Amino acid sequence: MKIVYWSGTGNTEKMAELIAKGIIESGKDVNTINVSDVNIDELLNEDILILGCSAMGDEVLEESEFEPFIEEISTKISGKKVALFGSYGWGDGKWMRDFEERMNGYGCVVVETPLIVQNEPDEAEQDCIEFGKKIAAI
């Protein structure tokens, strides 16, 4: 499997690592890829797209890298299963509510409730691992 993410301080990166850990513990392989190193064609080949990005300016996806990545794949993912996650700070998930609506609008099947964790996982480390296990069970 593959996990593609953007992280500015490492919070979402840690989430990605824990999600990967859960998938691996379930017995499957998974590569964790920073959005800046993503290979679109190899990504679109996956049965499930696991995408993560923290909440950025005014509750939006990160603008310089993650956003353009989503835009580029937006027309090639109808019918594709996707799982969304990310870390946030002072808000309550507005950027993720919008991210989910967005992918649904592209025709994606959002397979799990999006995983949102405040700041560094910490107490939520197991929740991250479990989200990965849910995805692996599909």
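We number the residues from 1 along the sequence you see.
Asker: Tell me which of 33 to 41 and 101 to 109 has the higher mean C-alpha B-factor in the deposited entry.
Answerer: The stretch with the larger average C-alpha B-factor is 33 to 41.
Asker: Higher average CA B factor in the deposited record is what I'm after, so tell me if that's 56 to 64 or 81 to 89.
Answerer: Comparing 56 to 64 with 81 to 89, the higher mean C-alpha B-factor belongs to 56 to 64.
Asker: Per the entry, which of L51, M96, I48, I70 tops the list for Cα B factor?
Answerer: When the deposited C-alpha B-factors of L51, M96, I48, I70 are compared, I48 is largest.
Asker: Thinking about Cα B factors across the chain, which third does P114 belong to?
Answerer: Middle third of the chain for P114's C-alpha B-factor.
Asker: Using the B-factor values recorded in the entry, state whether the Cα atom of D122 falls in the lowest, middle or highest third among the modelled residues of its chain.
Answerer: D122: CA B-factor falls in the highest third of its chain.
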